[PDB]
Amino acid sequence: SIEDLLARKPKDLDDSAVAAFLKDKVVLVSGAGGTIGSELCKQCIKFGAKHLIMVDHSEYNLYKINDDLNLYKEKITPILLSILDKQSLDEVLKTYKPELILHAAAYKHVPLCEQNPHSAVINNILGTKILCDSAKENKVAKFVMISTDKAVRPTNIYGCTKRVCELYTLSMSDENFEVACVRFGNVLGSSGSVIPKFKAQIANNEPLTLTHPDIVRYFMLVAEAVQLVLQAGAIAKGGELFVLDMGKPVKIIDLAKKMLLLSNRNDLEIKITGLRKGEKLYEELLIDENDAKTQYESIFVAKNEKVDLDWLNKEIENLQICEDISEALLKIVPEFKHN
């Protein structure tokens, strides 16, 4: 399958390290029923967590991960909740006292975030602030946030919100609360992504819609990205921004052609539809030549400076009432070049 062909197959997956990190912990996963969150849930069970708290605002997604894990039902708790509800979220953290939060809840579709910039800011930045503030206040030991290559020199609302989330969480890290952020590229077959779209086009006898003949992305299997995230979390001392080695770039045109070849539907045309607002032809390569090595060849540590939280909290207040979100974001992230 195409997934098989584009897998990273990292040489440096380390089950025993992850097991050491997770064994007998109470772990809360935000966005637990999502593509990444569901895999984080599954790996938390595999690697020996004592109790998994699954937080998701999407009832079907929560239903589904809870059902998927039914054999482990005594060790999991489905919490049907938005992380924007600070009071209820605080009650959850007090009741279950997680030692580790794995934060995988966000809105991620670049076009939808361009069309709904306020909701992107609220869900991504304010949601991350609420969850982090609650985690730190309730003495959660370690907080790992999932991030994206789109956060680097961002050209879209989504990527810029994720950069703000990095700045916020990393600036919260201290001697008691250890924060790691982990950046990676596209996950093969994730919700609402290009592979399922092309599968659906082929099955409906529709031409494949390709944005641009030269567009490329970096890809990893969800199980690879997630285990590497957990390895990074395990080694984190707090305040690290990690980046994953995604291997070679994949041209989307080659992906489309391979999918057509694999389903013997070279009858179908590939139609070029054009780059969208804020969409990059080539996302930024994740690992910089000066990033620090770790013991895992797939994981590097990128440079980051804390920002003052008083300043950042004031700017986050501004994002919620300002006229021009794009302009407000640029004040926080001066490298933001919107579309």
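Just count from 1 along the sequence shown to find any residue number.
The PDB entry reports B-factors from which the mean C-alpha value can be compared for 52-60 and 271-279; the larger average falls on 271-279. For the segment pair 138-146 and 186-194, the entry gives 138-146 the higher mean B-factor, averaged over Cα atoms.
Take 301, 27, 40, 312 and read off each C-alpha B-factor from the entry; 312 has the highest. The entry assigns its greatest Cα B factor, within the set 109, 129, 248, 94, to 94.
Ranked by C-alpha B-factor against the other modelled residues of its chain, residue 307 falls in the highest third. Among the modelled residues of its chain, residue 234 has a C-alpha B-factor that falls in the middle third, as given in the PDB entry. Annotation for residue 290: C-alpha temperature factor in the highest third relative to the rest of the modelled chain, per the entry. When the CA B factors of the chain's modelled residues are split into thirds, the value for residue 261 lands in the highest one. Compared with the other modelled residues of the chain, the Cα B-factor recorded for residue 71 ranks in the highest third.
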